[PDB]
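Okay, structure first, notes after.
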Amino acid sequence: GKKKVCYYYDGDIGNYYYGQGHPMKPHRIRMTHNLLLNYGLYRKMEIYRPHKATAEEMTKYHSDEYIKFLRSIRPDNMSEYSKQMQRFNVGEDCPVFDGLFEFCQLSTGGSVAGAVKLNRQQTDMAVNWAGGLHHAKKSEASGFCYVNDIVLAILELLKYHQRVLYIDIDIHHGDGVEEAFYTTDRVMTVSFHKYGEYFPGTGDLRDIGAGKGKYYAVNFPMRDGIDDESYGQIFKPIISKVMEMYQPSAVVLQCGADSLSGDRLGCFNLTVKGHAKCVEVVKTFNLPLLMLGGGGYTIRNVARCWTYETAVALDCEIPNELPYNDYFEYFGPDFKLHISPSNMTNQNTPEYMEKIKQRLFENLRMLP
Ligand SMILES: CN(C)C(=O)[C@H]([NH3+])Cc1ccc(F)cc1
Ligand SMILES: [Ca+2]
Ligand code: NA
Ligand SMILES: [Zn+2]
Numbered sequence: 012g013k014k015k016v017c018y019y020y021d022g023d024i025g026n027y028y029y030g031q032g033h034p035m036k037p038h039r040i041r042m043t044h045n046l047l048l049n050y051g052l053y054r055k056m057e058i059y060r061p062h063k064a065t066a067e068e069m070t071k072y073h074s075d076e077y078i079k080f081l082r083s084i085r086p087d088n089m090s091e092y093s094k095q096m097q098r099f100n101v102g103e104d105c106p107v108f109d110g111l112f113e114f115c116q117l118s119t120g121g122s123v124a125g126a127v128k129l130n131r132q133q134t135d136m137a138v139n140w141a142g143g144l145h146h147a148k149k150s151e152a153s154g155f156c157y158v159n160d161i162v163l164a165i166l167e168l169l170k171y172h173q174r175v176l177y178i179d180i181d182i183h184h185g186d187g188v189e190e191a192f193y194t195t196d197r198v199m200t201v202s203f204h205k206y207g208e209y210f211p212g213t214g215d216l217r218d219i220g221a222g223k224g225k226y227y228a229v230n231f232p233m234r235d236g237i238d239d240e241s242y243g244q245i246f247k248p249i250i251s252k253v254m255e256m257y258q259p260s261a262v263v264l265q266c267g268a269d270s271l272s273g274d275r276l277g278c279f280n281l282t283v284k285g286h287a288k289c290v291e292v293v294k295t296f297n298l299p300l301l302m303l304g305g306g307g308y309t310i311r312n313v314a315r316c317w318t319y320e321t322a323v324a325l326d327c328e329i330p331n332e333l334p335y336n337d338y339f340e341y342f343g344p345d346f347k348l349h350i351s352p353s354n355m356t357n358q359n360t361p362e363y364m365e366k367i368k369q370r371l372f373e374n375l376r377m378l379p
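Under the entry's author numbering, think of the first position of the sequence shown as 12, with each following residue one higher.
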């Protein structure tokens, strides 16, 4: 049936600024929100403003030293922290900006608040588009991510769920999440991603986990230009098998939109419908589901993607004609919700997709 959806958003999020030229634009979350408000989707779901997660909350995963650094560092005291900045991988990809810590607190607060909601059985789905920062590590920033909201949310779910399944359709590998849970069977991580001279450089299919977590990390490496049909060929089958073999009681789905056609940093060729089919698939298992954001650098298409995927969560059909909104000019020249793929070559042959799939299936036969 139709699911109750709780959605997390702080309108201050759009005002954080990574700096001139930096492709990460928090503003995209405000565009997303404004677009789905203008489609009327607030009528169908509960909207919450998340708390700011505390340093205490964050050190459920991150080191005390790293979190102490994140809450002290500012543009005005950077010169005095040059050593700490290098150690914690801050100051370049992951710059120091005004309100950095508060940005992390809001990002993280959405993900944990959604997980609490799900644990209390007061929603079927929770949505935090400001979350999904899958590259942050225990004691270091990486790939524009500082605090790993996903890891903290899963730790919250593990309080009431013996097995949690994490699925990642961001074009990048979910390295920080895989790393955190690599040696436990209580979290299975499934990542689909570009692989081959590409950030972060991990997610080989031969990376399957270790110790009690061996066979609970699943990696589908892809080449440039995958399209809706190649992706669709393998996502439903892999997820069905994972569900069947792993039998999770809760699911976290990272929905990074840098896997869309025309993403400024991405090299895939998915449409918003192709992307969103993944949400559709996971929804059908009828499990407590936390949906998070992620990467995405062509921001009009990020707003489309996460608006449509909100509508998917709600089983609420919306028209292709975009309603008027505060960012209307960004959606030219067509002013429609859905996007076309490019004519870029798909380097992923059908044979390649089926072969990688069959290798993952052999691995999944190793579960209890
Ligand atoms: C470019 N790059 C590393 C990426 O896009 C990754 N997906 C990491 C990431 C960035 C922003 C975000 F909001 C969530 C995750
Ligand atoms: Ca991924
Ligand atoms: Na694991
Ligand atoms: Zn990404």
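Idealized CB from N, CA, C, for every residue including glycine.
Check                                                                                                             : Outcome
Environment of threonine 318 [buried if 16+ CB atoms lie within 10 Å]                                             : buried
Segments assigned alpha helix (DSSP H), at least 4 residues, entirely inside the segment 172-251                  : 186-191
Per-residue burial, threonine 200 [other beta carbons within 10 Å of its own, 16 or more giving buried]           : buried
Outcome for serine 202 when other beta-carbon atoms lying within 10 angstroms are tallied against a minimum of 16 : buried
Nearest-angstrom Cα separation, counted from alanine 147 out to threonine 356                                     : 32 Å
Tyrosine 72 versus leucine 163 - alpha carbon distance                                                            : 6 Å
Beta-carbon spacing of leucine 325, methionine 56 below 8 Å                                                       : yes
8 Å Cβ cutoff met for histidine 349 and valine 253                                                                : no
Identity of the residue in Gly187, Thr213, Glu68 nearest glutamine 116 by Cα                                      : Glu68
For residue 1, three-class secondary structure by DSSP                                                            : Residue 1 is absent from the model: the chain starts at 12 and stops at 379.
Three-state secondary structure (DSSP) of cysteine 278                                                            : coil
Own chain residues within Cβ distance below 8 Å of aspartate 215, not counting five before or after               : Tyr206, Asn230, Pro232
C-alpha distance - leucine 169 paired with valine 175, whole-angstrom precision                                   : 7 Å
Distance CB(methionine 377)-CB(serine 241) smaller than 8 Å                                                       : no
Distance between beta carbons of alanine 268 and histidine 286, contact taken as under 8 Å                        : 7 Å
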